[PDB]
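Structure first, then comments.
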């Protein structure tokens, strides 16, 4: 099963590229929140960014992690340019609840949700 | 309907005052035409 | 050229941007569609249709339509083998159910069987 | 009950919820956020008005396809009001002009208007009617405004007693009255405590009260979660504003008296999180300079 | 500012550094929607993906389905399709001229040739009934042939329009300041014309003697007398000249098509693809069955993929069909001359200034609906 | 029309293209609407007794594409080289 | 067969070069352009006075989406759902029930005039010409509720004029 | 010849021997390639055909008639492109046998 | 021509009248529910049953090729008058 | 079949057959299928490692000029280990012929950026990356065109549904445009239309 790679040799170089990407996102926040005339503190946005990094935490193939690094690189280039607008950055946040919980009783009052 | 003008100034309508009671002396509209004259004045035919 | 490759399964739901709610919530169904029995034509076989489960469809209060908050409601995926069907259902992360194909059983008929001597098989009307 | 009144499936944007809310006023600020939260919920809203259709037009597209409906009423007659509450599940009284006019003083708006609408709403047979007022509306001196509101609250308790009397503190939002009042200046230094409370959690509590049972009859109040100094408030809005109809009734309303009441629940007792000044105040304090 | 697109131009002062079109402001989902319909249902997507050409794209899609289906259209329908194709080429070229005119200034010939275009919209209205989105071209011939009293009106328009294009060449075209506006802007190497995939009036206007009508005649164009103009230099005054001469050659083709109109037939005589006419429908049984199932299920198509391309006035309008053997298409893509012309904007705008960049975009017939697919 | 000859001469002197002849405003040159009703032909079908659809079956002639490949005057081109074009007669430049 | 352009050189004969120089330093063809624009000034304008003089149209214009009924009889509709089967925007919504008399009829017949792209396929697909594209053009409605026509809207709409639609169909039942 | 129709392509004056030495370089760079590959056979065939057309003719217009690819300098450019792929096809070994086949349930179209 | 709700509203030819626990009534407030005034069932019974003394007859419905296609209906039952599925208008034989 | 049937050029059939056999015999390293359609356009089905060599061959070599590039498309076909199809389309200026280079590809293993040999393929590659996800290594600029930048999911897959997951509206609460989950007011009534009964017996695939 000789399958071509993308960039790396195992998950270790993938961890190196994603921690470089996380460093770039971490020092890329304050210019964005200063520029876009936003509404949310710096640490809250940084916490949701690192939460997004925590979200995909069970991926083991090197090609998929490399491709997520490429996706984050594309999105970081677009945010460090002013190509995106206020709507997109607020669209990364989810403030428009929908507070729909996993409570089975609350799943029962508004239901049909297996 | 006059003929000596060009194509388009053939057929023109002049309305009345309160055909329903809306003071339509002024502020005339479309759809204030009966249907046979609506086939007439849109130059779809050659017959009054 | 005998490169890096690992031998693992695929988890493409990290790539296709789909909500995890609609990943873990719904459950696919893989089946050969049974023949619409009012017609008699078996060309509608020879496929492997993947559908999803039907979900909530209320009524539009203003007109009397059918509205739904279901984005994956009206898909169908036509496949040609059950092997790659189950492979794809594993590959794109969602859970799945597998029904099984049921063939028309071959029979033994004859006009001479319809016109026997002592046997009770007798059409009696034609 | 007839069908198509139950909730349907999920919630929001023609995901049909339960209530049918007949709302008075609603061209005003708190009413506009309440209509916006009902359009987010997706319920059917009936708003009558008396102004130009321009204002109800700019609050129109917040509603979904036909989910809100616009009709008409006058400040005198019960007839158009009863026509507005013919078929009405729930109804709310959000009315009031904060100064006297040549055709309407403080009398008979807060006096006549909740009486007439609560009368015709009791005759129509509504449930979970909610009347708003202000906090610290007492019979005592120096406030024609607040004593007329206290008369109106006694009216709401007397006729149609099965209501919900509700009162927030000085609420602030994108089109606040007092934040613009503190920006539109040029000013006196006295002692006063005051608590402001942010608007969207207040109206989420309002819609939670109107869609949940067990809350009828009880009067509710809304509490600013820090309850800090007036002078600190003016100095804070001064420093964050970065610049180092005003009648006497308005300036007395904002300077005179504010205090807490322990009789009645606040925010989290109803089941809604309260959010303080700072974040939303940094949001709304734009318009510094060029 | 109206033109609608995003353009990020990083530059050194009034000249350049790098200018990139962000397009995708208009994306609708035409390919996915055709993937969820039938052919006859999804014909108006082909009518309006380019929206100025209203019969050329119809002609392209109908030739795509005929080429996949192996059914020759009848000759009278072919001549009518040729006549409306050349009328539509005329209309698209005259729009491109007038929209570059108003985009640069030049307020009035816009209005003049729009009066001419209103006359041609009257002809489209009398023929189909639509103002602009006249579908009118089924796969397998022309639906609902033209009424009596049309060809002499076309004849009168042809004479009047030759005079009006002469008066347009009187107004502009040796006009001093418009020439001074456009001398040496938009140089195109023939290697760049090939590798950057420019097609149509760019290739007509710089170098290569390449025309689809005269290299692969997809219809009865082999019987009419005309000549495509070749461009001498990589510029847009010359490209304007070749547009105007293509208009006048289209007038010649319209005159010969009026002189060569056979009284043959309307549609194909294939009642499994084209629907029957209504009288024999309501009399016969087979005609009713074919009407009924042809409009419910649609005609089945043999499987396979095909590609075809014709002359849109922007260029090589390509439609690429993927048809599983079924009543629905499986995929379609539109090779777009507008997209191809937008691709080479760095080479067309490396050595100029931003007002001339606006002139470069204007002198190439862009719509940004066809740039979207 | 419906103008005097003075301003007409001014229009012809402003551009000499016989402005009275082709005026772009047609009066009665338009062919008359509500025409005599049409009769329409049927083409190379509807003549009976020969026309089996099995014969004229333009749909079913599509074949699956022929497949190949999973002393030589050869290395041919995909087509003959295209005949190079010609300067047209009707007033080229030059 | 081609005609390539820009084949003239600037002639070095003294006549042509002094004519181009006098053209440059005397502003000649700019005045020629002014002459052409004055030639279009003194014409007569092609402007119909719109609310009185309505523009010319065709016998085959596609407007109202009306319905029809039989001569001295009920609805021409059958509710066989062909128009919803062919409607490319899927704007047609049909729910059909028969009455107690036995003939098949409807309940609900909805046209999304928002979604309606005005092809004419529903006119050219109904087997009895029940739904017919109207002649007019005036819909022009202030509220988004009110451009969702129901069956009774279409019946009061098509019964607002018959002789118009029947005149157009009698003029146009042979080309289609 | 004199101000050809192409834009960025300016005419020369001695086309013949330039195109001759280009074709000799074609033959030599092809000469570095092994013989058993029939790619060498077909390229050597067509290039000796073309060079036998050219070396026998000092004409120009008749050279454009007899050899296709009008007018003249595009033949030079096309031979330059062929020399570029010759230089690239010393590498890449295209005459080797087949790289790994697909799983053969793939070009079966009608699915 | 019509009937009327107990609340005082125009009913339709389809029996879709309302409760007193609704809200489509409150969107009908102030704006006229434009029912079709003329119904459809009523016009049929006013028609004279066209009687032809044949056995199997044809029907077009108001002009050749302007209306429903040809339908050939039977007139062999006597107490059951044959009804066109398109026209609706009945027929009787004569003898 | 003398009227109403599109005739076909058997001359072009034989010429394209001989040319396809020529190309298949002279590049045995990557060629897997050469098929001639019944309507006579050439199709060459190609392993995804001879992308750059075969395109350098097809742009040049002077027995087949093929400068003109048409579409690059990707058609999403499941029930295959290699799903997607990168479809180059080439047109010869001197010859008037069209070849469809159908090279295959999977979800993840890339192909190799035809912009180094074909400048017109640049934005085609950017578009096919944004809409499908066929990765394009050794390419300068892979960004998003024909989507929103807040949008993702590669919506031209068959796996992505018709209506997207997001939906915009405006609200005065946060005073801006927000993106909610999809709330259709009408069903998009899907029609089962594929009748049985074998409309084409020539294309009968064999059974198991």
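A, B, C, D, E, F, G, H, I and J label the chains in the order they appear, each numbered from 1.
The working rule: a residue touches a chain if its C-beta (ideal position, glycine included) is under 8 Å from a C-beta of that chain, and two chains touch if they have at least 3 such contacts.
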item	value
Least hop count linking chain C to chain E through chains in contact	2
H-J against E-H, pair bridged by the larger set of C-beta contacts	H-J
Inter-chain centre distance, chain E versus chain G - centres from mean C-alpha coordinates, in Å	20
Separation of mean Cα positions, chain F and chain A [Å, integer]	58
Distance between chain centroids, defined by C-alpha means - chain B, chain I (Å)	36
Geometric centre distance via CA averages, chain H-chain A, whole Å	52
Per-residue multi-chain contacts in chain F, two or more chains	2, 15, 24-26, 30, 32-34, 38, 40, 43-45, 58, 61-62, 64-65, 70, 74-75, 81-82, 85, 88, 90, 92
Per-residue multi-chain contacts in chain E, two or more chains	22, 70-72, 74, 115, 145, 147, 167, 170, 192, 208-209, 214-215, 227, 230, 232-233, 269-270, 277-278, 281-282, 288, 296, 302-304, 325
Interface hub residues of chain D, defined as touching at least two other chains	9-10, 12, 14-15, 40, 44, 65-66
Chain G partner contacts - residues on chain B that touch it in the complex	6-14, 28-31, 35-36, 38-39, 41-44
Footprint of chain G on chain I - complex, ascending	12, 14, 34-38, 40-41, 43-44, 47, 61-62, 65-69, 83, 85-89
Chain J residues touching chain F - in the complex, by the definition given at the top	1, 3-6, 12, 15-22, 24-25, 31-38, 42-43, 63-64, 92, 94-97, 99, 200-203
Parts of chain G lying in touch with chain B, wherever the complex brings them together	44, 46, 48-49, 51-59, 135-136, 138, 160-161, 163-164, 167-168
Complex interface listing, chain E residues touching chain F	69-72, 74, 115, 145, 147-150, 152-153, 156, 159-160, 163-164, 166-167, 170, 209, 214-215, 227, 263-266, 269-270, 272-273, 277, 302, 304
